[PDB]
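Pasting protein.txt here (compact mmCIF, N, CA, C and O atoms):
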```
# COMPACT_ATOMS: atom_id res chain seq x y z
N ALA A 1 -0.19 14.90 -36.49
CA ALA A 1 -1.03 16.01 -36.91
C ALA A 1 -1.06 17.17 -35.89
O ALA A 1 -0.83 17.00 -34.69
N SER A 2 -1.45 18.35 -36.39
CA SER A 2 -1.96 19.44 -35.55
C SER A 2 -3.19 18.98 -34.77
O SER A 2 -4.02 18.22 -35.30
N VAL A 3 -3.37 19.43 -33.53
CA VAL A 3 -4.44 18.93 -32.66
C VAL A 3 -5.86 19.23 -33.16
O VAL A 3 -6.78 18.49 -32.84
N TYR A 4 -6.06 20.23 -34.02
CA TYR A 4 -7.37 20.42 -34.68
C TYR A 4 -7.73 19.29 -35.67
O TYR A 4 -8.88 19.20 -36.09
N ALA A 5 -6.76 18.45 -36.06
CA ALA A 5 -6.86 17.48 -37.15
C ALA A 5 -6.21 16.12 -36.80
O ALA A 5 -5.72 15.42 -37.69
N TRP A 6 -6.21 15.75 -35.52
CA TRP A 6 -5.59 14.54 -34.95
C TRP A 6 -5.68 13.28 -35.82
O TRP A 6 -6.73 12.98 -36.39
N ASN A 7 -4.59 12.52 -35.91
CA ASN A 7 -4.62 11.20 -36.56
C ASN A 7 -5.38 10.21 -35.67
O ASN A 7 -5.27 10.28 -34.45
N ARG A 8 -6.06 9.23 -36.28
CA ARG A 8 -6.51 8.00 -35.61
C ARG A 8 -5.94 6.78 -36.34
O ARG A 8 -6.12 6.65 -37.55
N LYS A 9 -5.27 5.90 -35.61
CA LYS A 9 -4.68 4.65 -36.11
C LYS A 9 -5.47 3.47 -35.55
O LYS A 9 -5.52 3.32 -34.33
N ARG A 10 -6.06 2.63 -36.40
CA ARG A 10 -6.67 1.36 -35.95
C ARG A 10 -5.58 0.35 -35.64
O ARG A 10 -4.76 0.03 -36.50
N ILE A 11 -5.60 -0.19 -34.42
CA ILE A 11 -4.75 -1.28 -33.96
C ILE A 11 -5.66 -2.51 -33.83
O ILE A 11 -6.68 -2.47 -33.14
N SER A 12 -5.32 -3.60 -34.51
CA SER A 12 -6.13 -4.82 -34.56
C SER A 12 -5.30 -6.03 -34.97
O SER A 12 -4.24 -5.88 -35.58
N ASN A 13 -5.80 -7.23 -34.69
CA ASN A 13 -5.22 -8.50 -35.15
C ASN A 13 -3.71 -8.62 -34.81
O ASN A 13 -2.90 -8.94 -35.68
N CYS A 14 -3.34 -8.30 -33.57
CA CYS A 14 -1.96 -8.22 -33.10
C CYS A 14 -1.91 -8.36 -31.57
O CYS A 14 -2.94 -8.25 -30.89
N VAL A 15 -0.73 -8.59 -31.00
CA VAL A 15 -0.52 -8.67 -29.55
C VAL A 15 0.32 -7.50 -29.05
O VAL A 15 1.16 -6.99 -29.77
N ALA A 16 0.08 -7.07 -27.81
CA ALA A 16 0.71 -5.87 -27.26
C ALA A 16 1.08 -6.05 -25.78
O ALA A 16 0.22 -6.10 -24.91
N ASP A 17 2.37 -6.10 -25.49
CA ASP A 17 2.84 -5.77 -24.15
C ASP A 17 2.68 -4.27 -23.90
O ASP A 17 3.15 -3.46 -24.69
N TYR A 18 2.06 -3.89 -22.79
CA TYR A 18 1.98 -2.50 -22.35
C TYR A 18 3.02 -2.17 -21.28
O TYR A 18 3.29 -0.99 -21.04
N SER A 19 3.66 -3.15 -20.66
CA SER A 19 4.67 -2.90 -19.63
C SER A 19 5.90 -2.20 -20.20
O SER A 19 6.40 -1.27 -19.58
N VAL A 20 6.33 -2.53 -21.42
CA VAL A 20 7.35 -1.76 -22.16
C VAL A 20 7.01 -0.27 -22.25
O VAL A 20 7.91 0.57 -22.23
N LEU A 21 5.72 0.08 -22.29
CA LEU A 21 5.25 1.46 -22.23
C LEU A 21 5.25 1.97 -20.78
O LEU A 21 6.00 2.89 -20.46
N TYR A 22 4.45 1.39 -19.88
CA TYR A 22 4.24 1.98 -18.55
C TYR A 22 5.47 1.93 -17.63
O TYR A 22 5.57 2.74 -16.71
N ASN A 23 6.44 1.05 -17.89
CA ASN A 23 7.73 1.05 -17.19
C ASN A 23 8.67 2.19 -17.63
O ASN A 23 9.64 2.48 -16.93
N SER A 24 8.44 2.82 -18.79
CA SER A 24 9.33 3.84 -19.35
C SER A 24 9.26 5.18 -18.59
O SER A 24 8.18 5.71 -18.35
N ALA A 25 10.42 5.77 -18.29
CA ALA A 25 10.53 7.10 -17.69
C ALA A 25 10.12 8.25 -18.65
O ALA A 25 9.95 9.39 -18.21
N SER A 26 9.95 7.96 -19.95
CA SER A 26 9.59 8.95 -20.98
C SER A 26 8.27 9.68 -20.71
O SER A 26 8.15 10.86 -21.02
N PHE A 27 7.26 9.00 -20.18
CA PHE A 27 5.90 9.51 -20.15
C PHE A 27 5.65 10.47 -18.98
O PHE A 27 5.42 10.06 -17.84
N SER A 28 5.65 11.77 -19.29
CA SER A 28 5.29 12.86 -18.38
C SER A 28 3.85 12.77 -17.87
O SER A 28 3.51 13.40 -16.87
N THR A 29 2.97 12.02 -18.54
CA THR A 29 1.63 11.63 -18.04
C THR A 29 1.22 10.28 -18.63
O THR A 29 1.52 9.99 -19.79
N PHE A 30 0.51 9.45 -17.86
CA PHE A 30 0.02 8.13 -18.27
C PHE A 30 -1.22 7.78 -17.44
O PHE A 30 -1.21 6.89 -16.59
N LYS A 31 -2.31 8.55 -17.62
CA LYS A 31 -3.60 8.25 -16.99
C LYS A 31 -4.24 7.05 -17.67
O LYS A 31 -4.13 6.91 -18.89
N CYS A 32 -5.00 6.24 -16.94
CA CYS A 32 -5.93 5.28 -17.53
C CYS A 32 -7.28 5.36 -16.84
O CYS A 32 -7.36 5.69 -15.66
N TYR A 33 -8.34 5.08 -17.59
CA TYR A 33 -9.73 5.22 -17.17
C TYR A 33 -10.49 3.94 -17.50
O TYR A 33 -10.36 3.40 -18.60
N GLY A 34 -11.26 3.42 -16.56
CA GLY A 34 -11.98 2.15 -16.71
C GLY A 34 -11.11 0.89 -16.76
O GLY A 34 -11.65 -0.21 -16.77
N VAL A 35 -9.78 1.03 -16.78
CA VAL A 35 -8.79 -0.05 -16.71
C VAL A 35 -7.55 0.45 -15.95
O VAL A 35 -7.19 1.62 -16.05
N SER A 36 -6.85 -0.43 -15.24
CA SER A 36 -5.52 -0.15 -14.68
C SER A 36 -4.43 -0.20 -15.75
O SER A 36 -4.36 -1.18 -16.49
N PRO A 37 -3.45 0.74 -15.77
CA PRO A 37 -2.32 0.64 -16.68
C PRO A 37 -1.56 -0.68 -16.51
O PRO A 37 -1.09 -1.27 -17.47
N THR A 38 -1.47 -1.19 -15.28
CA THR A 38 -0.68 -2.39 -14.98
C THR A 38 -1.33 -3.66 -15.54
O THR A 38 -0.63 -4.62 -15.87
N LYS A 39 -2.66 -3.66 -15.64
CA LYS A 39 -3.51 -4.83 -15.92
C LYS A 39 -3.68 -5.11 -17.42
O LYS A 39 -4.17 -6.17 -17.79
N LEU A 40 -3.27 -4.20 -18.30
CA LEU A 40 -3.52 -4.29 -19.74
C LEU A 40 -2.98 -5.57 -20.39
O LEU A 40 -3.58 -6.08 -21.33
N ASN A 41 -1.90 -6.15 -19.86
CA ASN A 41 -1.35 -7.42 -20.35
C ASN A 41 -2.28 -8.64 -20.10
O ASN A 41 -2.09 -9.68 -20.72
N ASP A 42 -3.27 -8.53 -19.22
CA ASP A 42 -4.20 -9.61 -18.84
C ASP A 42 -5.56 -9.56 -19.57
O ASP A 42 -6.49 -10.25 -19.16
N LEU A 43 -5.70 -8.74 -20.62
CA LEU A 43 -6.97 -8.44 -21.27
C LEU A 43 -6.88 -8.54 -22.80
O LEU A 43 -5.80 -8.44 -23.37
N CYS A 44 -8.03 -8.68 -23.46
CA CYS A 44 -8.18 -8.51 -24.90
C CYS A 44 -9.23 -7.44 -25.23
O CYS A 44 -10.13 -7.17 -24.44
N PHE A 45 -9.15 -6.88 -26.44
CA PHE A 45 -10.01 -5.81 -26.93
C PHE A 45 -10.47 -6.13 -28.36
O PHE A 45 -9.76 -6.80 -29.11
N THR A 46 -11.64 -5.64 -28.77
CA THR A 46 -12.15 -5.88 -30.13
C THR A 46 -11.27 -5.20 -31.17
O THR A 46 -10.71 -5.87 -32.04
N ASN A 47 -11.01 -3.91 -30.98
CA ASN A 47 -9.95 -3.12 -31.58
C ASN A 47 -9.43 -2.13 -30.54
O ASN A 47 -10.07 -1.89 -29.51
N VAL A 48 -8.28 -1.52 -30.82
CA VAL A 48 -7.80 -0.35 -30.09
C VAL A 48 -7.60 0.77 -31.10
O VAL A 48 -7.19 0.51 -32.22
N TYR A 49 -7.89 2.01 -30.73
CA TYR A 49 -7.56 3.17 -31.56
C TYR A 49 -6.55 4.03 -30.85
O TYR A 49 -6.80 4.45 -29.72
N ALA A 50 -5.41 4.28 -31.49
CA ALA A 50 -4.45 5.26 -31.03
C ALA A 50 -4.69 6.60 -31.73
O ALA A 50 -4.58 6.69 -32.95
N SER B 1 -59.50 -20.49 -10.42
CA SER B 1 -59.58 -19.12 -9.88
C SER B 1 -60.07 -19.03 -8.42
O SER B 1 -59.81 -18.04 -7.74
N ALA B 2 -60.73 -20.08 -7.90
CA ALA B 2 -61.09 -20.19 -6.49
C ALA B 2 -59.86 -20.38 -5.57
O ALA B 2 -59.85 -19.85 -4.45
N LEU B 3 -58.81 -21.06 -6.03
CA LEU B 3 -57.54 -21.27 -5.30
C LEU B 3 -56.57 -20.09 -5.45
O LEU B 3 -55.40 -20.21 -5.09
N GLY B 4 -57.04 -18.93 -5.90
CA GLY B 4 -56.24 -17.73 -6.05
C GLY B 4 -55.46 -17.34 -4.80
O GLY B 4 -54.35 -16.84 -4.93
N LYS B 5 -55.95 -17.65 -3.59
CA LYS B 5 -55.20 -17.43 -2.35
C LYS B 5 -53.89 -18.22 -2.30
O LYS B 5 -52.85 -17.65 -1.99
N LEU B 6 -53.92 -19.51 -2.61
CA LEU B 6 -52.71 -20.35 -2.59
C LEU B 6 -51.79 -19.99 -3.75
O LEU B 6 -50.60 -19.79 -3.56
N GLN B 7 -52.34 -19.86 -4.96
CA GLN B 7 -51.52 -19.52 -6.12
C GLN B 7 -50.86 -18.14 -5.96
O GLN B 7 -49.70 -17.99 -6.33
N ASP B 8 -51.52 -17.17 -5.35
CA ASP B 8 -50.90 -15.88 -5.04
C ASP B 8 -49.76 -16.00 -4.02
O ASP B 8 -48.72 -15.36 -4.19
N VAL B 9 -49.86 -16.87 -3.01
CA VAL B 9 -48.76 -17.13 -2.07
C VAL B 9 -47.56 -17.74 -2.78
O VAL B 9 -46.42 -17.40 -2.45
N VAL B 10 -47.75 -18.58 -3.79
CA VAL B 10 -46.64 -19.07 -4.63
C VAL B 10 -46.08 -17.94 -5.51
O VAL B 10 -44.87 -17.73 -5.54
N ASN B 11 -46.94 -17.16 -6.16
CA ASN B 11 -46.52 -16.04 -7.01
C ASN B 11 -45.72 -14.99 -6.24
O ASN B 11 -44.68 -14.57 -6.72
N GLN B 12 -46.14 -14.57 -5.05
CA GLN B 12 -45.42 -13.53 -4.30
C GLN B 12 -44.02 -13.98 -3.90
O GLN B 12 -43.07 -13.20 -4.00
N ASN B 13 -43.83 -15.24 -3.50
CA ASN B 13 -42.50 -15.76 -3.19
C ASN B 13 -41.63 -15.90 -4.45
O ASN B 13 -40.47 -15.51 -4.41
N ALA B 14 -42.18 -16.33 -5.58
CA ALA B 14 -41.46 -16.34 -6.84
C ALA B 14 -41.04 -14.93 -7.29
O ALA B 14 -39.88 -14.71 -7.60
N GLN B 15 -41.93 -13.94 -7.25
CA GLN B 15 -41.59 -12.56 -7.61
C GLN B 15 -40.55 -11.94 -6.67
O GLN B 15 -39.70 -11.18 -7.13
N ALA B 16 -40.55 -12.28 -5.39
CA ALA B 16 -39.53 -11.83 -4.45
C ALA B 16 -38.15 -12.41 -4.80
O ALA B 16 -37.18 -11.66 -4.86
N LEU B 17 -38.04 -13.70 -5.11
CA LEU B 17 -36.78 -14.30 -5.56
C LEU B 17 -36.34 -13.77 -6.93
O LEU B 17 -35.18 -13.40 -7.08
N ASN B 18 -37.23 -13.66 -7.91
CA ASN B 18 -36.86 -13.14 -9.22
C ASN B 18 -36.39 -11.68 -9.14
O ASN B 18 -35.42 -11.32 -9.78
N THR B 19 -37.00 -10.86 -8.28
CA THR B 19 -36.51 -9.49 -8.03
C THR B 19 -35.13 -9.51 -7.37
O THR B 19 -34.24 -8.78 -7.80
N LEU B 20 -34.91 -10.38 -6.39
CA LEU B 20 -33.62 -10.51 -5.71
C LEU B 20 -32.51 -10.94 -6.67
O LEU B 20 -31.40 -10.42 -6.58
N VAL B 21 -32.78 -11.82 -7.63
CA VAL B 21 -31.81 -12.22 -8.66
C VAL B 21 -31.57 -11.10 -9.67
O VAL B 21 -30.42 -10.78 -9.94
N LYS B 22 -32.61 -10.45 -10.20
CA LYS B 22 -32.42 -9.38 -11.19
C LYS B 22 -31.62 -8.21 -10.65
O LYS B 22 -30.83 -7.63 -11.40
N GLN B 23 -31.69 -7.91 -9.36
CA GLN B 23 -30.83 -6.89 -8.75
C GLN B 23 -29.33 -7.19 -8.83
O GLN B 23 -28.54 -6.27 -8.69
N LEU B 24 -28.89 -8.42 -9.13
CA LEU B 24 -27.48 -8.69 -9.42
C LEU B 24 -27.00 -8.11 -10.75
O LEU B 24 -25.81 -7.92 -10.94
N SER B 25 -27.91 -7.78 -11.67
CA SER B 25 -27.57 -7.08 -12.92
C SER B 25 -27.41 -5.57 -12.75
O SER B 25 -26.96 -4.90 -13.68
N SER B 26 -27.79 -4.98 -11.62
CA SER B 26 -27.71 -3.54 -11.39
C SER B 26 -26.28 -3.07 -11.15
O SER B 26 -25.50 -3.77 -10.52
N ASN B 27 -25.93 -1.88 -11.63
CA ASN B 27 -24.59 -1.31 -11.45
C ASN B 27 -24.37 -0.68 -10.07
O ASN B 27 -23.25 -0.67 -9.59
N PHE B 28 -25.39 -0.07 -9.46
CA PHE B 28 -25.26 0.72 -8.23
C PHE B 28 -24.16 1.80 -8.27
O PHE B 28 -23.62 2.20 -7.25
N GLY B 29 -23.80 2.27 -9.47
CA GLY B 29 -22.71 3.23 -9.69
C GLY B 29 -21.31 2.62 -9.84
O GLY B 29 -20.35 3.36 -10.04
N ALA B 30 -21.15 1.30 -9.75
CA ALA B 30 -19.91 0.64 -10.12
C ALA B 30 -19.71 0.59 -11.64
O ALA B 30 -20.66 0.70 -12.41
N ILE B 31 -18.48 0.37 -12.09
CA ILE B 31 -18.10 0.24 -13.51
C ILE B 31 -18.80 -0.92 -14.23
O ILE B 31 -19.04 -0.84 -15.43
N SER B 32 -19.17 -1.99 -13.52
CA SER B 32 -19.91 -3.12 -14.08
C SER B 32 -20.83 -3.77 -13.05
O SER B 32 -20.56 -3.73 -11.85
N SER B 33 -21.89 -4.42 -13.51
CA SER B 33 -22.73 -5.30 -12.70
C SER B 33 -22.05 -6.63 -12.39
O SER B 33 -22.51 -7.34 -11.50
N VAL B 34 -20.97 -7.00 -13.09
CA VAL B 34 -20.31 -8.31 -12.96
C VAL B 34 -18.97 -8.14 -12.25
O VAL B 34 -18.08 -7.45 -12.73
N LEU B 35 -18.81 -8.82 -11.12
CA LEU B 35 -17.67 -8.64 -10.23
C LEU B 35 -16.33 -9.08 -10.85
O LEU B 35 -15.30 -8.45 -10.63
N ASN B 36 -16.35 -10.10 -11.70
CA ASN B 36 -15.17 -10.53 -12.45
C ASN B 36 -14.72 -9.52 -13.52
O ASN B 36 -13.56 -9.56 -13.92
N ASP B 37 -15.54 -8.56 -13.96
CA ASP B 37 -15.03 -7.44 -14.75
C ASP B 37 -14.16 -6.54 -13.88
O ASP B 37 -13.01 -6.29 -14.21
N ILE B 38 -14.68 -6.08 -12.74
CA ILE B 38 -13.97 -5.16 -11.86
C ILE B 38 -12.63 -5.75 -11.44
O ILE B 38 -11.59 -5.12 -11.58
N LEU B 39 -12.63 -7.01 -11.01
CA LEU B 39 -11.42 -7.70 -10.56
C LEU B 39 -10.46 -8.09 -11.69
O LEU B 39 -9.28 -8.30 -11.41
N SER B 40 -10.90 -8.16 -12.95
CA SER B 40 -9.99 -8.37 -14.08
C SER B 40 -9.52 -7.07 -14.74
O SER B 40 -8.53 -7.10 -15.45
N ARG B 41 -10.16 -5.92 -14.49
CA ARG B 41 -9.80 -4.63 -15.09
C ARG B 41 -8.94 -3.72 -14.22
O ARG B 41 -8.24 -2.88 -14.78
N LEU B 42 -8.99 -3.83 -12.90
CA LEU B 42 -8.47 -2.81 -11.99
C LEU B 42 -7.46 -3.35 -10.96
O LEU B 42 -7.53 -4.52 -10.57
N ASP B 43 -6.52 -2.52 -10.50
CA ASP B 43 -5.67 -2.83 -9.34
C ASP B 43 -6.52 -2.92 -8.07
O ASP B 43 -7.53 -2.22 -7.96
N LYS B 44 -6.11 -3.67 -7.04
CA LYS B 44 -6.90 -3.79 -5.80
C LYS B 44 -7.21 -2.44 -5.16
O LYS B 44 -8.35 -2.20 -4.77
N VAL B 45 -6.25 -1.52 -5.14
CA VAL B 45 -6.42 -0.16 -4.60
C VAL B 45 -7.56 0.62 -5.29
O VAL B 45 -8.23 1.43 -4.65
N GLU B 46 -7.81 0.36 -6.57
CA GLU B 46 -8.88 0.97 -7.37
C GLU B 46 -10.18 0.17 -7.28
O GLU B 46 -11.26 0.73 -7.12
N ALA B 47 -10.07 -1.16 -7.38
CA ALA B 47 -11.19 -2.09 -7.37
C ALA B 47 -11.94 -2.08 -6.04
O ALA B 47 -13.16 -2.21 -6.05
N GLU B 48 -11.26 -1.89 -4.91
CA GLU B 48 -11.91 -1.82 -3.60
C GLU B 48 -13.04 -0.79 -3.55
O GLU B 48 -14.08 -1.08 -2.98
N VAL B 49 -12.89 0.37 -4.19
CA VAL B 49 -13.96 1.38 -4.23
C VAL B 49 -15.15 0.87 -5.05
O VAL B 49 -16.29 0.94 -4.60
```
Written as structure tokens, how would this file's structure read?
Amino acid sequence: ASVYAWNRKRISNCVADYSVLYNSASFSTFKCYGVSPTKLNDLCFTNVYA
Amino acid sequence: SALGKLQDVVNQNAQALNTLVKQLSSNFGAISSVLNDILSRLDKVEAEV
């Protein structure tokens, strides 16, 4: 979407490696807040929204 | 109610311990009151603060 009208995707009932993401040279920025980017593989969440 | 001196000495020590325990629920400006949250969420370089 255009940024005035951003999509939200519910992510649920699934497993996620984040190292495939944070190891990639593609990301010109990858901030995390209240969690470490490296630590995401050691945690669970009720849902995630992208 | 005549033994209020002794019962108050028991009450003041109980209230001092119960206050000391309830202060473990306080954040003090950290991300959580529970130390196993901080150590399970953050890298050591971040968690140390």
Original post:
Between atom O of residue 47 of chain B and atom CA of residue 38 of chain A, what is the distance, to one decimal in Å?
Top reply: 15.3 Å
**OP:** Mind giving me the straight-line distance from atom O of residue 15 of chain A to atom N of residue 37 of chain A in Å, one decimal?
**Re:**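 It comes out at 16.6 Å.
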Original post:
Counting all atoms listed in the file, which residues from chain B have an atom at most 6 Å from any atom of chain A, and could you show them as a PyMOL selection string?
Top reply: chain B and resi 40-43
Write out as JSON an axis-aligned box for segment 23-39 of chain B: all of its atoms listed in the file, 4 Å added on each side, centre and edge lengths in Å with one decimal.
```
{"center_x": -20.5, "center_y": -3.6, "center_z": -11.3, "size_x": 30.4, "size_y": 21.9, "size_z": 16.2}
```
**OP:** Determine, counting only C-alpha atoms, which protein, DNA and RNA residues have an atom within 9 Å of an atom of residue 17 of chain A; residues of the same chain fewer than 3 positions away are not included. Present the result as a list in words.
**Re:**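 What passes the distance filter is residues 20, 21, 40 and 41 of chain A.
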Got time to write the residues from that selection, N, CA, C and O atoms, as a short mmCIF file (atom, residue, chain, number, x, y, z; two decimals), keeping the file's coordinate frame?
```
data_model
loop_
_atom_site.label_atom_id
_atom_site.label_comp_id
_atom_site.auth_asym_id
_atom_site.auth_seq_id
_atom_site.Cartn_x
_atom_site.Cartn_y
_atom_site.Cartn_z
N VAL A 20 6.33 -2.53 -21.42
CA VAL A 20 7.35 -1.76 -22.16
C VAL A 20 7.01 -0.27 -22.25
O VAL A 20 7.91 0.57 -22.23
N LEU A 21 5.72 0.08 -22.29
CA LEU A 21 5.25 1.46 -22.23
C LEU A 21 5.25 1.97 -20.78
O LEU A 21 6.00 2.89 -20.46
N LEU A 40 -3.27 -4.20 -18.30
CA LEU A 40 -3.52 -4.29 -19.74
C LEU A 40 -2.98 -5.57 -20.39
O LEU A 40 -3.58 -6.08 -21.33
N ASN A 41 -1.90 -6.15 -19.86
CA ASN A 41 -1.35 -7.42 -20.35
C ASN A 41 -2.28 -8.64 -20.10
O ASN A 41 -2.09 -9.68 -20.72
#
```
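Straight-line separation from atom CA of residue 27 of chain A to atom CA of residue 50 of chain A: 15.6 Å.
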Original post:
If we count only N, CA, C and O atoms, what is near segment 44-48 of chain A at a cut-off of 5 Å, once residues fewer than 3 positions away on the same chain are taken out, given as a count of residues only?
Top reply: 3
**OP:** Output as a PyMOL selection string all residues of chain B that backbone DSSP marks as alpha helix (DSSP H).
**Re:** chain B and resi 4-22+35-41+44-47
Subject >> Which of B:31, B:17, B:24, B:10 sits closest to residue 46 of chain B [using only C-alpha atoms] >> reply: B:31
**OP:** Give me every strand (DSSP E or B) residue in chain A, going by DSSP on the backbone, as a list in words.
**Re:** residues 10, 11, 48 and 49 of chain A
Would you save the residues of that selection, restricted to N, CA, C and O atoms, as a PDB file, in the coordinates of the input?
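Contents of the output file result-v6.pdb:
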```pdb
ATOM      1  N   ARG A  10      -6.060   2.630 -36.400  1.00  0.00           N
ATOM      2  CA  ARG A  10      -6.670   1.360 -35.950  1.00  0.00           C
ATOM      3  C   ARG A  10      -5.580   0.350 -35.640  1.00  0.00           C
ATOM      4  O   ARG A  10      -4.760   0.030 -36.500  1.00  0.00           O
ATOM      5  N   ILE A  11      -5.600  -0.190 -34.420  1.00  0.00           N
ATOM      6  CA  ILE A  11      -4.750  -1.280 -33.960  1.00  0.00           C
ATOM      7  C   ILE A  11      -5.660  -2.510 -33.830  1.00  0.00           C
ATOM      8  O   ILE A  11      -6.680  -2.470 -33.140  1.00  0.00           O
ATOM      9  N   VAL A  48      -8.280  -1.520 -30.820  1.00  0.00           N
ATOM     10  CA  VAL A  48      -7.800  -0.350 -30.090  1.00  0.00           C
ATOM     11  C   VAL A  48      -7.600   0.770 -31.100  1.00  0.00           C
ATOM     12  O   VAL A  48      -7.190   0.510 -32.220  1.00  0.00           O
ATOM     13  N   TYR A  49      -7.890   2.010 -30.730  1.00  0.00           N
ATOM     14  CA  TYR A  49      -7.560   3.170 -31.560  1.00  0.00           C
ATOM     15  C   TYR A  49      -6.550   4.030 -30.850  1.00  0.00           C
ATOM     16  O   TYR A  49      -6.800   4.450 -29.720  1.00  0.00           O
TER      17      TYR A  49
END
```
